[PDB]
Structures are given as structure tokens and as C-alpha cells.
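Only one structure is covered here, and it is reproduced in the block below.
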Amino acid sequence: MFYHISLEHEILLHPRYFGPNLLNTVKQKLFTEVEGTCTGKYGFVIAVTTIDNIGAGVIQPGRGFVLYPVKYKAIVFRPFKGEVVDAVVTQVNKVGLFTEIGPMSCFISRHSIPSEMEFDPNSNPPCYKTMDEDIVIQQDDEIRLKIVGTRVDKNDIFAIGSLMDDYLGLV
Amino acid sequence: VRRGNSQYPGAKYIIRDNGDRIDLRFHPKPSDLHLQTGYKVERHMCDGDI
Amino acid sequence: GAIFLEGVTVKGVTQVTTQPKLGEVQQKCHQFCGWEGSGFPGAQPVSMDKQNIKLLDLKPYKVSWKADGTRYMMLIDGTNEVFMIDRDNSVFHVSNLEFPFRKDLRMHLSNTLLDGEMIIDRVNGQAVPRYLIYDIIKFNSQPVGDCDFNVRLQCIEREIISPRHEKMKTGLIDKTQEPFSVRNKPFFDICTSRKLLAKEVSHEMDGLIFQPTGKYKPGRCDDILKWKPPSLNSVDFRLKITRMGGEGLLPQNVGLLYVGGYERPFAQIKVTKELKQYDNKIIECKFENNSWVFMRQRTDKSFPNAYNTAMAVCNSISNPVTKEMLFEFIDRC
Amino acid sequence: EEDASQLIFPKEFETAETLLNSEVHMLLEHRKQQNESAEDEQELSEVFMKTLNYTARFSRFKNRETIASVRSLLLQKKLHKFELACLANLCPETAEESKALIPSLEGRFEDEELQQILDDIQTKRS
RNA sequence: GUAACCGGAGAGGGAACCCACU
Numbered sequence: 042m043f044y045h046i047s048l049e050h051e052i053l054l055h056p057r058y059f060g061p062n063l064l065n066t067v068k069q070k071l072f073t074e075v076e077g078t079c080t081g082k083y084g085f086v087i088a089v090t091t092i093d094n095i096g097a098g099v100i101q102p103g104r105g106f107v108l109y110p111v112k113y114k115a116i117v118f119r120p121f122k123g124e125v126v127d128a129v130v131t132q133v134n135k136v137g138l139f140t141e142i143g144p145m146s147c148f149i150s151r152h153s154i155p156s157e158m159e160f161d162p163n164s165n166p167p168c169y170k171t172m173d174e175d176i177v178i179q180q181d182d183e184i185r186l187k188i189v190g191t192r193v194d195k196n197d198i199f200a201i202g203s204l205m206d207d208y209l210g211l212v
Numbered sequence: 349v350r351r352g353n354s355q356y357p358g359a360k361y362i363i364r365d366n367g368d369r370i371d372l373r374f375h376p377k378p379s380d381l382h383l384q385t386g387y388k389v390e391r392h393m394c395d396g397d398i
Numbered sequence: 006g007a008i009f010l011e012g013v014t015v016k017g018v019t020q021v022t023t024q025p026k027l028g029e030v031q032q033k034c035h036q037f038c039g040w041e042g043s044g045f046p047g048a049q050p051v052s053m054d055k056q057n058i059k060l061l062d063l064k065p066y067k068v069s070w071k072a073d074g075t076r077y078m079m080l081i082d083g084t085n086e087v088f089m090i091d092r093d094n095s096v097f098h099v100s101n102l103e104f105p106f107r108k109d110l111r112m113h114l115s116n117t118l119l120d121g122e123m124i125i126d127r128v129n130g131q132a133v134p135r136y137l138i139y140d141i142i143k144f145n146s147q148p149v150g151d152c153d154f155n156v157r158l159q160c161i162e163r164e165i166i167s168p169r170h171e172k173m174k175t176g177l178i179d180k181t182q183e184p185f186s187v188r189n190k191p192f193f194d195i196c197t198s199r200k201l202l203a204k205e206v207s208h209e210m211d212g213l214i215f216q217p218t219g220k221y222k223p224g225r226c227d228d229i230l231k232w233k234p235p236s237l238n239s240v241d242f243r244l245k246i247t248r249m250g251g252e253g254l255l256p257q258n259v260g261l262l263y264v265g266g267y268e269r270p271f272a273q274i275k276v277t278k279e280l281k282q283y284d285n286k287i288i289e290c291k292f293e294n295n296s297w298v299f300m301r302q303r304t305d306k307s308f309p310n311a312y313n314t315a316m317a318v319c320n321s322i323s324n325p326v327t328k329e330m331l332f333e334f335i336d337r338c
Numbered sequence: 193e194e195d196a197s198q199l200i201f202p203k204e205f206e207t208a209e210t211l212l213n214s215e216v217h218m219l220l221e222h223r224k225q226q227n228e229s230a231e232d233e234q235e236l237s238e239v240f241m242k243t244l245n246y247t248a249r250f251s252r253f254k255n256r257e258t259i260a261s262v263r264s265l266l267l268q269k270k271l272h273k274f275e276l277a278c279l280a281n282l283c284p285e286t287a288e289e290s291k292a293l294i295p296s297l298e299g300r301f302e303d304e305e306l307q308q309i310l311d312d313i314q315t316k317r318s
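Taken in sequence, the protein lines are chains A, L, S and C.
Just so you know, my numbering puts 136 at position 95 of the first sequence, and the rest follows in order with no gaps.
Just so you know, my numbering puts 371 at position 23 of the second sequence, and the rest follows in order with no gaps.
Just so you know, my numbering puts 151 at position 146 of the third sequence, and the rest follows in order with no gaps.
Just so you know, my numbering puts 298 at position 106 of the fourth sequence, and the rest follows in order with no gaps.
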């Protein structure tokens, strides 16, 4: 779910960046370091809207580097066990369906797929379809989904979803 | 660095930004003799050193 | 990988993976060459520079011109026992090449080692793979490689190029049925190469290679000098596109130009998304200015070339040897 | 212990302000306009691009004033702060659908009021 | 412009006692 939180971070600056514009370089360093980053505790940090405060930087003893404690407002994405959000299909596969949510990618398994959603290998695009042929889940479709479990991989979050729940399907 | 360790007014090691340590006294390949502004060089003690 | 000739597929040439025969072929190639180390036993030229060009006046030379091809060694040891070797020491088996013995045309060559290239030559709009025999190493247990260079050239001619033509004259060998043509690379005196550079083939020439008249020596042969146009330059760089941002430094992405046998970045390149496709791949680069820049990516090669190779090419490109630059240098003699 | 149905959130994460897809888009488009101008800046991340196109295709109402209007009107009624954005993103068409999607509202408010709020939401839908 | 042919490998115990130096 998308949020607006204030975060704390400390950035070391090499002495060559002091210049006549130190705060601008501080802003750029914080952007380049926490833009697109992922944390298992707080989820995806999509973007930093503003920097709340830049504290007094302490010169490290014996090292030219200076660290600034920085307060900044950033928008985060960390999904729940128990939240429901709409997702978009990226790949149809016999093991399961690959669907894309924001930055994160989750898959729905066949046993989690309701038994009505039969396989159609022979359709020119592989499809998830009923015997009644009403619901057609296909590549690039937007669907409802119920994310049950999340995993952290190389400090990047991937999750898994369920689709058994009622009303949860094609938009 | 070009003088090296054999001649006295020279260097023993040259440390690069990655932390890679090059030993100047054992046949350094002419490629890594070249140095940039970020590196550190371990020169011998010279006149005026404290 | 194992690709005989890139661009055109040749029938009957078959790469061999069978370890028992691969080992015998490679080891007895080393035996024929008297080669100390492992790998490719053949003589390897070096790039010409200001120091190299001096060697031309110290001793007589023979001249030929480099044409686009791959370094490739034919070992002839029987009727079908022809195993075919490149710079990577890979071995291919060729079927239909038959090498008649000059005295007995029914007898076929054995224990013969040739030096040559696979060059694609388009004649009548069709690509004809050709083999140019510029040197011979071994011949029927005779140490022809220890003979003079002109002597070896005449052995090439009389013992190989003529008996085969003798047998196509009688029809017992069909030129159409052989997988690719076999010829000898032409050689001239140093005076003749001056006409090559009123040069009407200035665009059709890839460079020059100079051959001393001395005895054959394996591996790196310092007095065999290749001339390569400087504007047309050129090493295989193993590239790791790396986001190298030091501690306290703004993160930066750069392309590190590695070479063979040297654990550190030999040089750096202006990394770019249009260069990101060939991540961790062997590439050639051009050092026009102080920046090496990319021309083509070599999927065939897997290893970067050696550090000494990098040094030699850097020296050569630093002293750009041009056609007009050596034209007068030989015209004075 | 962290469950959206039973409303357990981390203490460090309790006070955060939740956002809509449309207002996330306006913020990200503001950042995109900031970065395209004032050159010599780092190229935006693949995460940024994915979130931008996601919230573009998932933008309910484009109008900026509509965002403030729906936020204010829904917060005027006493509801938990996490529910505002999830309700406005999902946009249920029936109160049964709304209670099925978010079990917390089940029993929190009556059917008529919940359906009136939902109908206002679809009314401000663009 | 070859399968770098090894990659420069140096780190080399310790405890005890004795003598000696400032």
C-alpha cells in the first residue's frame, strides 16, 4: 500500500564534494542512494518528495568523510498479508500466472487458481478460461488479487497471492 | 613511483580507490604504474617528515 | 565456441569432441612444432612499430598483404586423417581433402603440417571459402621447417599445389566436390609492396604482413611484423559494466576494460545504454582519441587477449604507422 | 500479527499518511517534470517508470481538486485513516462489495450510509 | 591477437630458562 512517511538516513560525503554547493550534492547523494531502493522492513521507496531536515555533519576522526543525518519525506510501498489491490498480467505459464504490481512482481499458482479457470495452451495466446468460456484471463489483463505472503530477495521484496476469494478476478 | 622501491627516494606501495594494493618492488607491470587523483602512494621517509 | 568459418557453412568439415583423437592430434601438433607450452603452437606475428620497422633493413624480407581470415592450421596425416586447427587449439575433421604424393599420385601425404587461413573470397557474387598456404611446418617426417623460407615456399608449391592439379587434370580429383579451395598465398619482394601502396587497391587492402627469410620458429616471433592501418584500428576487451561509486562518492557507472591475465581494469570506457547490451562480453575497441570506443562484439571469442598484446597494440596505436610513412622509408633503399 | 483486517500496523509505521493512486501520479509527474528540467541529473529508475505507468493506468480521477474533495468528504465521516485510500482505490459499486473487499467496515457503518459514500465516490469518478 | 604456463607463493610454531644492553 502507498504511504507518505518521514525517514532517517546518514550519508557520507567525500571532501571533494564540499565545493560551493554542498547541500545540493547532499540532496543528489540521498536521491541516488534511496531512489528505487528496497527494504524488507519498510518496503519499496518509490520517490522522495522533500527533505525535511539536514542535520549538522560530523567530520569523521581520521577520515575526510562527513556524515549528515538527513530527514526526508518519501513515498513507500510495502504490501500486507491481507490487503487486496488490482494487478496486471505479464505472463501466462502452466506453472502459474505472472502479474505485475507497481514495482513488485507476484505469481498466482494453479492450486490457488480456482478450478474453473481452465488452461488453454491451444489458444494463440495462452489463456485462463472457464468451461462456460465467460471469463478470459490473458496477457496484459488487469485483475483483482489477494496477496497472502511476501518474501525478501537480495533486499528486494517479492510476494505471492491468492485468488480463491470471492469477487476477486478480472476487472 | 617510476623510481620505485629500489632507488631510495621512491615508493613501496601504491594503493588505489578500490583498496587494491600494488607492490612496486616486484616487477610492476607498466599498466598499473599509472595513477589517478584518488589513489594513495606509500613513499619512503624523506627529509622534513615528522 | 567451435565455429569453423563464420559467415559461410562448409560441407564435410566436422568439429571433433572425441577426447582420444583430440589429444593425439593436439599433442602431435605440439611435437611437430617443437612447441614448449600448451595451446596453439604456430608462429604468432607482432604489430609493427618504430623499433620493428628497423628490422627490415637488417635482413632481407618477403612481403604479403593481410586479407580478412581466421588463423587456421592444417595437419595432413592420411587419406581422411586431416585434422584442422585454429588459434584456439580447437580441432576440426575435414572429409574430402586429398593430398597426392608427388612421386606416387595414388599415395597420400602423411605427417604434414601446413600454415594458412580460412578466407572468404566472393567471386561471381558467391562466397568461395579458400585456404592460402603461406608456410609449411612439417613434411613426411622431413624437417622442412628448418629449411630456408624460399625453400619451404617451393616445397609448398611443388609438393602440394602441383600434384593436386595433376589429379584434377586427369579427373581423379573433382574441384567441385571438395569442401573449399586450397591455394598458396602469393609472396613478393619488398620492392613490389611499394606498388601496393598509384595504389588502386588502397581500399581493398587490410594491411601488410612481412615475412623474414629465416627458419621457422613457433610462438611469438618478433621479426614477423604485421602492418595495420592506424585509422583502421583493436584488442579483445572483456567488459564489466560496473556501478563503481566509492565510499563518500556519488555512485557512478563505468565500463571497465579488462584484458587477459591482468586482474585489474586495464582502461575505462564511456559506458552507455546503447553499449549495455553486451554485458560481460568480449569486444573490440578503437583508440582514436584517449578513449577506447566500441566497433563490434566478438561472440566467438571468450577470453580477453593478453596483457602483452594490450601493450603491443597500445605502442602501435601510439605511433601510427601509415602507408605514406613507410612508403618513402623503403623507397630510400 | 500484522493484519489489515484487524488493523495492526507497526508502531514506527503507525503515523504515516496513506496515499491514492491519482495523487501518487501527480506527485510522480511533478518529480518527472522536475527531473526533465534542470539537466545533468540521474536518469529515473525502472521502479519509478513502473510505478508511474501503473498509477497512470490505475488513475481513477485526473482532477486535482477532486482528490482534495473526496479526501475531505470521506474523512469528515469517522473512519480509520488506512481505509480512506484503499476504499478510494478499489471504488466498490455496492456496499456488499465494499464490506467483502475490506472486512473492517463490516459492522462499522450501516448499509445506507456506506452505499451513499460509495455513490459519492462514483459521482466524483472521472 | 593461443586453453595467462602456477596466480610474485613472503605470515617463519610456542613455551621455558639463561646471558646481556640502556
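In this text, a Cβ means the ideal position worked out from N, Cα and C, and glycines have one as well.
One finds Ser237, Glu238, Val239, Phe240 in chain C with Cβ atoms closer than 8 Å to the Cβ of A:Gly77, taken in chain order. Spatial neighbours of S:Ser115 in its own chain (CB-CB distance under 8 Å, excluding positions within 5 residues in sequence) are listed in chain order as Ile81, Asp82, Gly83, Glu86, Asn145.
Pairing A:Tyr44 with A:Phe118 gives a Cβ-Cβ distance under 9 Å. For A:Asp127, the closest Cβ of chain C is nearer than 9 Å. For S:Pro65, the closest of S:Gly44, S:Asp153, S:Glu252 by C-alpha to C-alpha distance is S:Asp153. Burial check for S:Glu122: the Cβ neighbour count within 10 Å reaches 16 or more, so the residue is buried. At a cut-off of 9 Å, the C-beta of S:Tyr312 has a neighbouring C-beta in chain L. Using a CB distance cut-off of 9 Å, A:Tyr58 counts as an interface residue toward chain S.
Sequence-distant Cβ neighbours of S:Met173 in its own chain, meaning closer than 8 Å and more than five residues away, are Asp179, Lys180.
Looking at C:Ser318, C:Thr286, C:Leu267, the one whose alpha-carbon comes closest to that of C:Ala277 is C:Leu267. A:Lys187 is positioned such that its CB atom lies closer than 9 Å to that of A:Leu204. Non-local beta-carbon contacts of S:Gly212 in its own chain, meaning distances under 8 Å to residues more than five positions away in sequence, involve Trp70, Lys71, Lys231, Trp232, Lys233, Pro234, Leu237 in chain order.
Legend: CB atoms of the segment 367-390 of chain L lying less than 8 Å from CB atoms of chain S belong to residues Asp368, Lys377, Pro378, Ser379, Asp380, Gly386. Excluding residues up to 5 positions away in sequence, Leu54, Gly98, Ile100 lie with their Cβ nearer than 6 Å to the Cβ of A:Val107 in the same chain. Note on geometry: alpha-carbon atoms of S:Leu262 and L:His382 lie some 15 Å from one another.
Cβ contact annotation for S:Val318 (same chain, cutoff 7 Å, sequence separation greater than five): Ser52, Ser239, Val240, in chain order. Look at S:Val276 here: in three-state DSSP terms it is coil, with no helix or strand label. When CB distances to chain S are screened at a threshold of 9 Å, the residues of the segment 46-73 of chain A falling below it are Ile52, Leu53, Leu54, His55, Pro56, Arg57, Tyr58, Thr66, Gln69, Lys70, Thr73, in chain order. Take the alpha-carbon of S:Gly265 and the one of L:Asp365: they are about 22 Å apart. The shortest CA-to-CA distance from S:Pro191 to any of S:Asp140, S:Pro46, S:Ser95, S:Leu63 is the one to S:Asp140. Residues of the segment 259-273 of chain S with a Cβ closer than 7 Å to any Cβ of chain L, in chain order: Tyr267, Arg269, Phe271. Here DSSP, grouped into helix, strand and coil, assigns C:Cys283 to coil.
As computed with DSSP, A:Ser153 is found in no beta bridge at all.
Under the DSSP assignment, S:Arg169 falls in the alpha helix (DSSP H) whose first and last residues are 167-174. Taking 9 Å as the threshold, the shortest C-beta distance from C:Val216 to chain A falls below it. Here the alpha carbons of S:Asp54 and S:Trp297 stand approximately 20 Å from one another. Taken atom to atom, the span from the alpha-carbon of S:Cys34 to that of S:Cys196 is near 35 Å. With contacts defined by Cβ atoms closer than 9 Å, S:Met79 and S:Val18 do not form a contacting pair. At a cut-off of 9 Å between C-beta atoms, C:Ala260 does not count as an interface residue with respect to chain A. Neighbours of C:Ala196 in chain A, taken as residues whose beta carbon is under 9 Å from its own, are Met42, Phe121, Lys122, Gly123, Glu124, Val125 in chain order. The segment 270-283 of chain S makes contact with the segment 298-306 of chain S, as at least three CB pairs between them are under 8 Å.
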